[PDB]
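One chain follows as structure tokens, the form deposited in one PDB entry.
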């Protein structure tokens, strides 16, 4: 049947080849008459879980649960979890749209809402990961240094030992990462097993209370300790929000699995479930460990065997005394340790202490490895789009699975430098702010997509309410402020600067962002609003349709039309295409884009309006009948003077004059512009009341900065002995309209016979098109029907001598008075259709406008365009 059935091969044209077996027929033919890929578990779940988990489970979780209450600590965890889950829901929604080629969160953000935000967030996120690797390596070095300092071993000052260990660790991590994407997965699995072993060791040792640890804070699940550990016992210059700020970074790292989207077996399924499961499991483990530590250890303790453990005569109505006096009465002296003074509680409540030490080692190393892997991927994805041209390179992949070795080396260098600094406690909040900004950008991506009701939003993952996403972005910003407000300001400024730079760069890319859909929707909504507004005389605007063909053919005329339309009124540059329909469609499709881009590149607020018809008359008919939307429709027809009418087929001149006639018939106002295309005052000779357009146009000219210094001087026609009366009337009328005029000149020389020379010149010019009916018999009635109506009938030439003499005399007056004007505006002669031939009308116009400064012959609708009523 030649009509192809729906087939995936038809739509598959970017990630594969359709081939000969799949090719949808075009409408014309029917019409025209004749590599490593990971699963969701090992690719998203494990990476997300390992990135989320860190030293908080073994260092600060006990301190947080002590400073705050069990209930308040659980609340802090839950609120951080809200912020991360909302972010994860938004990420899954943005990832279940189409095929994600690679990159990571940068790819999702860019393909969602445009290269500007995409590049800003991509650079920020890549830098954040490149510095996070160094921070995690520094944490590992700190843990190793503390472990060796607890013994006698040491090489150099603590800082230098930290630097050495960090450098060795970073070198090893870079080697492992360069080894490949499978070795890294094996190492991640090993580290996860070790960390789970450490967690289980802590939980097992919390169930075995050894008396030797009694002088410590550990007691072994005593309900009295639990009841005493509620409430916010803040023993410092800190508060609830300080604890929240300290803990929240422990909820981050939820985008690790989506950072390697270019290596997943199948995104759109692995990312959502993997990320959500990782968030759930990590939050559950955090809550469990918080409660466990809060039900075993007392806040304060003075570890000492000599400490009274016999519970002699006393009351000391605290939780500790409820079972024994061990680690009691340090409310005045700074007792050694406890749930609020020792950060190794997890290492003591546990069993095998080196098991917990290895758990911390794995927690830091897994995060470092994940960051080192993820940052180069984002950088290479952002570089492959050439958003920052200098960053070209750092995008070449090596081996079967394209791996950014150059990005790997760059991340290694950045991490090594930041480790060489070795003092990173002041930079962590900036990195946290960067991550929070990325989360907020993802949430805003989802919200923007839901706001712009693009039919192609079509996300495969539900449970992504737009309002929840907006609330999540707001919460991300608020949490960003809650910790290191000045860091938040710095990140905001950096993001805004990058966004502005990218917007000004205007990169050559087009992805289908929600920004374009929202632009269309905004235009549609505003047009629909405007369609319900009644038109008023004082709200009239010149809405011009300029017949120019190619808008670049005559630039002076286009600029002039722009002057009195730019920012006030509509401007449609109409172009008529002629020839066969087939090639005409392709030519119009090319020209539309070419000329719209040309206009936008020259600051012309005009609309290109191509049209295909047999002749210019029919195309202009199309435009004057249909061009426009609702109330934004042309009311004025603008033409340029047919400067070549003298040497041109009379059919073209007839078409020009017929354009005039159809413009008048359709109740349009006609503006004919005659100026020298090759490349003071404004004189307005408006002698017939067209409704005011002749005055409105030059006033709008004066409203612009190009004609601000030009003063309007008016010319009118009067009767001798009555000059002053008419001048006063014109001055009063102009004052009522509030149009400033430098001078008013009343001329009685109109209606007088022009000179003999000018009449002779007009006759000589008009001779070739004269019919000369008198010199011929009735046979001439065939020329008037075949070689006509171009021919000028002697009857009309004698019946309209007044108008011809008026045109010649008016040209004389214009030359004598307005020769020094910057622009002339004059009433456009109107010829009744059927009474005057096209050739005679063209000759009238040519005689009127010949050899003068830029001139505009204006004939308005005759509907009132000005008013003096408020």
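Heads up, when I say rigid core I mean the largest set of C-alphas that superpose within 1.5 Å between the two forms. Positions refer to the first chain, counted from 1.
* Asked: Which class describes the count of deposited residues lacking coordinates between residue 679 and residue 680: none, 1 to 3, 4 to 9, or 10 or more?
  -> In the deposited sequence, 10 or more residues between these two have no coordinates.
What comes next is about the form deposited in another entry, which is not displayed.
* Asked: Considering only 615, 782, 749, 689, which residue exhibits a C-alpha shift of no less than 2 Å between this form and the one not shown, with the rigid core used for superposition?
  -> Among the listed residues, the outlier is 782.
* Is residue 332 one of the residues whose C-alpha moves 2 Å or more between this form and the one not shown after the core fit? -> The answer is yes, as the C-alpha of residue 332 shifts between this form and the one not shown by 2 Å or more after core alignment.
* To do: Could you tell me whether residue 156 and residue 336 have their C-alpha atoms closer or farther apart in the other entry than in the shown form, knowing the shift is 3 angstroms or more?
  => Compared with this form, residue 156 and residue 336 lie closer in the other entry.
* To do: Regarding residue 862 and residue 831, go with closer or farther for their CA spacing in the other entry versus this form, the difference being 3 Å or more.
  => Their C-alpha distance grows by at least 3 Å in the other entry.
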